[PDB]
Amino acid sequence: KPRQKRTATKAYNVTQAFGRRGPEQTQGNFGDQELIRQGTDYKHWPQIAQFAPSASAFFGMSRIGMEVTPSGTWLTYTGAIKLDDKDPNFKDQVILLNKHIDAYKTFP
């Protein structure tokens, strides 16, 4: 399956589907050890997925580009998604994102 369409699960985890977490611009940086191991089976996956864009919003909100590099032709994307301050779960959302962003830095 094309990388962008893969779904990580316990049987095909985040590392298998998307590579090890790391600091390089080509690597993903998101997920603690539990999320990496379980993917969409993770107990808080719905609270993470609520921030992922629909296909329409991915192409609607993002700055899209095309780059040719030695490894191939790449569709680049960047953007920002605002959290809802008024959501009663806002503080829990902040804690959850903080637990996963750059979590790999403290892995043994």
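Quick note: we count residues from 1 along the sequence shown, nothing fancier. Just so we're on the same page, rigid core means the largest C-alpha set that superposes within 1.5 Å between forms.
Asker: Using RMS Cα distance over all structures and residues, flag whichever of 42-50 and 69-77 lies farther from this form in 9 other deposited structures of this protein after a core fit.
Answerer: It is 69-77 that deviates more in 9 other deposited structures of this protein.
Asker: Looking only at CA atoms, which has the higher mean B factor in the entry: 78-86 or 33-41?
Answerer: Mean C-alpha B-factor is greater for 78-86.
Asker: State which stretch shows the higher mean Cα B factor in the entry: 20-28 or 96-104.
Answerer: Taking the mean B-factor of the alpha carbons in each, 20-28 is higher.
Asker: I'd like to know which of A52, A57, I64, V68 has the highest C-alpha temperature factor in the PDB entry.
Answerer: Of the options given, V68 has the highest CA B-factor in the PDB entry.
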